[PDB]
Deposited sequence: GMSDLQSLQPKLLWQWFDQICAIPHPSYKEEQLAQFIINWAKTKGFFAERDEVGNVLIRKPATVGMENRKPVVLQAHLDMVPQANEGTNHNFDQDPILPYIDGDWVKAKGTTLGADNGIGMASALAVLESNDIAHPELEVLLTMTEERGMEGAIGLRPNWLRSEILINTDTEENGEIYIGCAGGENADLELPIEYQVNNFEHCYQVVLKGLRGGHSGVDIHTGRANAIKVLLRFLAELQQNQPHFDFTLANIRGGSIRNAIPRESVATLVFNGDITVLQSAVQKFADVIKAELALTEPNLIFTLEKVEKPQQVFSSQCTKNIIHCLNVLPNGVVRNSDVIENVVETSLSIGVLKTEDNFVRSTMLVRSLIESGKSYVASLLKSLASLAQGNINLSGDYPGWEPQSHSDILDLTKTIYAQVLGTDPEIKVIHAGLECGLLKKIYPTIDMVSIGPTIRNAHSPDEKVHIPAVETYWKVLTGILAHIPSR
């Protein structure tokens, strides 16, 4: 499969298990390989790989360039088995690692080659992008000699990213008080079959959050059906902080006829189907009898947990006025769990601007106070603000338009790239992000468009061939 060097590298990248905390084997393999070619190869304290290669003949007075990619991939320690589908490539029943392995392979392909024009070259392969961007955060400053950085972590052909959102984890704990269970019945209200998505790139859509839809039901039920005597026994939903939840469950104990609960579920199921129709075709509520616990939440605890999580802000907080068709600030709750004595909600706050993040954090701290819970903030990273001017963008646009035959789109993404952290440590470096079309990253649905990788290559190499004088 062409281009040989890129794909032979990707094939090799797949062979070495390299999930988001087992990066060593790949990191060491790459360092070793670099040294056998006579390339400078180093790792910083945090473990970021830096390789260097001199300018090609005739390219010596031209601005030095670092191609940057992240080492790790999402596992959602044994090797990856890929295959060619049609015009696509995918891993056998798992995440492929096209994010960010194709970018990385292309950077090494350039290093390996002897017939690609490029200036003085760095290749920076960062640690742990996918779990709190530890590499980018602890990158050694005054280390890179490059004046230009080409981040290869964008995932859409014909698009050049010049910006991205920053992020921050927020965890809400709400206390659980229990009572002895003396209720006649125990059933789970089960919600399933939602689309899901990536809580950044898909937050703009009309897609629904399963945790929030269940909480909507329970709030309405408690509000409108005061003679339905029940309390929660437990409650949960979702899987991962930055994924839109697709399943949720609440265990309910109650007195009286099961049919009362059944009817409430039905009427709500029918309402929500009317509302979501095209957007959530597979949404299903079920009502499933379960073993009766010895202890359950107190009635007051139930009301506090239901009403808190129903009011809980979720989704688009603000759309951008400055940039076109971009969410400025959002948040999403990806996991809900009932632990000993607390109910835990796991959220990712996103914004292009720092003050949008802090504002959401203010909202959550207001909610927690009303509800006598607590917010824990962690994992804060800065966004990537579009530069006022960029020479590398000018060139990247010129080349992309030559290769495609139509103009490319210049955008900022409502998700996390490392560029904000990198520009934090290297403010004078002119930065851009590109990359071929990769679908459904972070998930076992991960596909990479074959011809987009070729177009990407021609654009990459085209840019490298034409970097201007210092």
How would you write out the unmodelled ranges of the deposited sequence, numbered from 1? 1-7, 84-93
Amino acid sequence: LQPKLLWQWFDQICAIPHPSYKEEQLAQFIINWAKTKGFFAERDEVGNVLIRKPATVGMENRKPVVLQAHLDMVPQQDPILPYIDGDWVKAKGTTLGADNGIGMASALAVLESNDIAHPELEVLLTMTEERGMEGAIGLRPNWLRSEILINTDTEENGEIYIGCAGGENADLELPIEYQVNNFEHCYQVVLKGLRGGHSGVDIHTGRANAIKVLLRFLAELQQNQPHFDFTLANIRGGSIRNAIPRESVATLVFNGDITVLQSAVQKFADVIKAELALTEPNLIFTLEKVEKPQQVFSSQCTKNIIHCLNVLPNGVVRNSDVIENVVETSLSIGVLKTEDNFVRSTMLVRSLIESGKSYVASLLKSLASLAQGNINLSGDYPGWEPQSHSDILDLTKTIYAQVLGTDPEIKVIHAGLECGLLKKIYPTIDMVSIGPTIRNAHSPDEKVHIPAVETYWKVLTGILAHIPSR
From here on, numbers count along this sequence of modelled residues.
Going by the average Cα B-factor in the PDB entry, point out whether 193-201 or 129-137 comes out higher. 129-137
139-147 or 210-218, whichever carries the higher mean Cα B-factor: 139-147
Pick out which of 350, 267, 90, 273 has the highest C-alpha B-factor in the PDB entry. 90
Pick out which of 173, 99, 177, 184 has the highest C-alpha B-factor in the PDB entry. 99
Of the three thirds of Cα B-factor ranks in this chain, residue 226 occupies the middle
CA B-factor ranking of residue 389, expressed as a third of its chain: highest
For residue 169, return the chain-relative third of its C-alpha B-factor as stated in the PDB record: lowest, middle or highest. lowest
Record-listed C-alpha B factor of residue 78: chain third: highest
Thinking about Cα B factors across the chain, which third does residue 322 belong to? highest
